[PDB]
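A short worksheet on the structure shown next.
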There are 4 protein chains.
Amino acid sequence: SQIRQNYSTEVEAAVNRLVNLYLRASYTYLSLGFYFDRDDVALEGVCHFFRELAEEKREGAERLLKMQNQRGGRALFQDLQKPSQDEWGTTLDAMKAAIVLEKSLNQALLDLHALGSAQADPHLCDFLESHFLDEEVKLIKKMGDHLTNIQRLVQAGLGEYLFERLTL
Amino acid sequence: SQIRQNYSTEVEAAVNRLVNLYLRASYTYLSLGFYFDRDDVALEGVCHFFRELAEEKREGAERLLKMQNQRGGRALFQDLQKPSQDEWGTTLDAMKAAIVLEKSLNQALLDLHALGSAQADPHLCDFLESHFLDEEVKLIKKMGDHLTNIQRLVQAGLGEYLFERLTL
Amino acid sequence: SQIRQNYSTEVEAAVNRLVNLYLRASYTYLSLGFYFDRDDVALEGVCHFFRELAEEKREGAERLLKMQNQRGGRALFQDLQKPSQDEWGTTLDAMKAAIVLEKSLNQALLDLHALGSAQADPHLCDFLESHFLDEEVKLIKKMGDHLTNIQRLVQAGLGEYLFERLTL
Amino acid sequence: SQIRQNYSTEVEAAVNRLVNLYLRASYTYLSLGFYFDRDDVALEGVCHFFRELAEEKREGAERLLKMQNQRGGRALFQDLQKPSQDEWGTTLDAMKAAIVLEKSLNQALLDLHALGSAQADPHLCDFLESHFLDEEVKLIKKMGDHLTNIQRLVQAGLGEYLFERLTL
Ligand SMILES: CCC[C@H](C)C1(CC)C(=O)NC(=S)NC1=O
Ligand SMILES: CCC[C@H](C)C1(CC)C(=O)NC(=S)NC1=O
């Protein structure tokens, strides 16, 4: 590539993997969103919460793809694995699964940052810090807060309704 | 009729029956609405929900009557049977009865559509699809969502109050 | 399902398959979009054209999922297969592949409509006609128009630049 | 210096060198700009492109000088070497020379960042990342895109005119 400079093949490949992880995360949130839209689940606040997260992860993937091109790397796409569950249980179950997912994304980000540091790639490191690392930390804090409130509310049916109405 | 074209006597009669069904549905919702306005029931959100549905069914009947005339059919009215209950019990009972009513209207619509198809009456078929079929599907989904939330809330008295305050 | 009415297991499954097809189409357009964003391809008008299509297909999938829930069907997700190519060649190659993709989506829509008709499911048939069938016909006409203009322009390099600047 | 803290003599000197590089880059773009303003070259879009870059590099130098003072370093200026060419040939030649220049600036930035990291000077590292590293990456991507389009257009005279009219 005519523009490629200080961009290692290792980082390029790791960025492609992280794109796949973000798209897969988006797909998972899509599934979570429509599960709470089921007539036998019917928690619209929860549905909206997860659908918004699907959009955020998709946007994250697109930002990574833009950066890949800006650096002269080449986007390579793989199959997107279907979400790990077909039915997501209670709001509590769903939020626990969401925090597990975000922590795995966060760890992938931290791994990529470490790689960037080892390759002496400051543009990559700054890119991750500015657009991804703090966003993940804030989202995980929010999920933790939600989990704590859901747990304190669980009269389980009553608690789930009130959380959806008054928080989400 | 000078304007009548491709409008079978079978469809004409079925449309008159569907008008009666919609007016009867409107009357039922009128009764449901005023039951929840009783001082010993006193659930204003529920009262408003059903009164709005009474207006919707009445409007549906008028749209059918307009179409009957547009096609050159002749409106024939029958007695409107009084609603099946004088007292409607809990919000849960009422919502269950409402979904039963809507499914019966929906089935009458599907039957009429089938008749239209067999008579090769595309104007009728399009009319039902554009103004009735999707409206019914959306209303039934909403009722299902309500039923699910009411059920998860039923501290029965507390649940009924919260649903009325926070959803309706 | 408490709300499910006149919704066959066959249609439910076919809708799930069509969701997968739309998500896969969205993924393909995502890949096409970022290919034209490469510094060694650099056709921004083409990139934007395909990225907008990615968004349209994704929205189509979400509308299908909403309808699945409205009817009381159950969304089931499968792996999304990666796009059929990693590199998409010229604008001409890409547009040809795009029209092939849209025709396959269109055929899946026509198959589903035929299924709906055979199952006597007028809500499904109306849903497809109102939101999908005409959109596909219009998009395919537009692509055909583009293909014809690209072809008349192909001084191949010059033609590709002018099309991107003056049409897209 | 009363304010100087954690600012090594090595970084101070490297910053002075980078100021010289940016001023020299500004001077080069000034020359490129006025070459395309010649009546026997006459490509106003190209002239404007390079004149804007002259202003950007000059601003970059001033930001470095401001930072030097903020840290308690002492600005030292050297002769500015005249640009490497008096005449810049075709738009293609000029854009190639521009990308070579930007890559050399980028490498100087990466070297300075590496120095900062080795000296444990996080303020310097953050300063470069926030104001210089991403700007360079974006500018180099843009130049690569331009080069690719110029190349696809080169009927050389015709191609050069169209690029100037329709892109710049
Ligand atoms: C908002 C969900 C997006 C969706 C899950 C998905 C991946 C399947 C995505 O992340 N991005 C695009 S472009 N299309 C898609 O279908
Ligand atoms: C816009 C060009 C600026 C110009 C080349 C130059 C260096 C010669 C510069 O970069 N900055 C200042 S203050 N004066 C100058 O003459």
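Reminder, nothing fancy here: chain letters follow the sequence lines and each chain counts from 1. In what follows, every heavy atom counts, from backbone to side chain, and hydrogens, waters and symmetry copies are set aside.
- Side-chain contact check for D:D145 and D:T148: no donor-acceptor pair (N or O, by modelled atom type) lies under 3.5 Å.
- The CZ atom of D:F163 sits 8.0 Å away from the CG atom of D:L153 when rounded to the nearest 0.5 Å.
- Under 4.0 Å is where a charged nitrogen must lie from a carboxylate oxygen, and between D:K57 and D:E136 at least one such pair does.
- In this structure, D:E10 and D:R17 approach most closely via the heavy-atom pair O-NH2, 4.5 Å.
- Note: A:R24 CZ to C:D79 CG = 8.5 Å, rounded to the nearest 0.5 Å.
- Taking the side chain as every heavy atom from C-beta outward, D:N106 and D:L110 approach each other to under 4.5 Å.
- For C:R51 and C:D37, the salt-bridge test fails: no basic side-chain N is under 4.0 Å from an acidic carboxylate O.
- Between D:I3 and D:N69, the shortest heavy-atom contact is CD1-O, 3.6 Å.
- Aromatic rings of D:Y29 and D:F34 (six-membered ring for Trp) have centroids beyond the 6.0 Å cut-off, not under it.
- Aromatic ring centres of A:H48 and A:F36: separated by at least 6.0 Å.
- A donor atom on one side chain and an acceptor atom on the other are found under 3.5 Å apart for A:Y7 and A:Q68.
- In this structure, CG on D:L76 lies 11.0 Å from CG on D:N20, to the nearest 0.5 angstrom.
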**OP:** May I have the step-by-step check of salt bridge (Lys or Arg N to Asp or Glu O under 4.0 Å) for A:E62 and A:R58, ending in yes or no?
**Re:** CA-CA 6 Å; A:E62 290 166 1; A:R58 173 186 57 78; 3.0 Å; yes

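- Going from atom CD of C:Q78 over to atom CG of C:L21 covers 11.5 Å, rounded to the nearest 0.5 Å.
- Considering D:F132, D:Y27, D:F77 in turn, D:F132 is the only one that fulfils the ring pair (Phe, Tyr, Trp, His ring centres under 6.0 Å) rule with D:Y22.
- Counting all heavy atoms, side chain and backbone alike, A:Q5 lies closest to D:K103 at NE2-O, 2.9 Å.
- Shown here is A:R63, whose CZ atom has no more than 12 heavy atoms of other residues, nucleotides or ligands within 6.0 Å.
- Salt bridge annotation for C:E87-C:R38: present, with a cationic side-chain nitrogen under 4.0 angstrom from a carboxylate oxygen.
- Between the side chains of A:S31 and A:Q85, no donor-acceptor pair is found at a separation under 3.5 Å.
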**OP:** Decide salt bridge (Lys or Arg N to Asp or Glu O under 4.0 Å) for C:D39 and A:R4; before the verdict, give the C-alpha distance in whole Å, the side-chain angles of both, and the deciding distance to 0.1 Å.
**Re:** CA-CA 10 Å; C:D39 78 271; A:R4 195 182 184 138; over 6 Å; no

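- The two atoms that bring A:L124 and A:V15 nearest to each other are CD1-CG2, 4.3 Å, heavy atoms only.
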Subject >> Step-by-step side chain to side chain contact (heavy atoms under 4.5 Å, CB included) determination, A:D111 to A:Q107 >> reply: CA-CA 6 Å; A:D111 292 344; A:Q107 190 61 54; 3.1 Å; yes

Original post:
How far apart are the C-alpha atoms of A:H123 and D:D134, what are their side-chain angles, what is the distance that settles it, and do they pass the side-chain hydrogen bond (donor to acceptor under 3.5 Å, both in side chains) test?
Top reply: CA-CA 7 Å; A:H123 179 271; D:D134 191 38; 2.8 Å; yes

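- Here the CG-CD distance, from A:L80 to C:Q81, works out to 9.5 Å after rounding to the nearest 0.5 Å.
- Annotation for D:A120 and D:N6: closest pair O-ND2, 3.0 Å, computed over non-hydrogen atoms.
- Distance CG/C:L43 to OH/C:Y35: 8.5 Å, rounded to 0.5 Å.
- The minimum heavy-atom distance linking D:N16 with D:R74 is given by the pair ND2-O, 3.1 Å.
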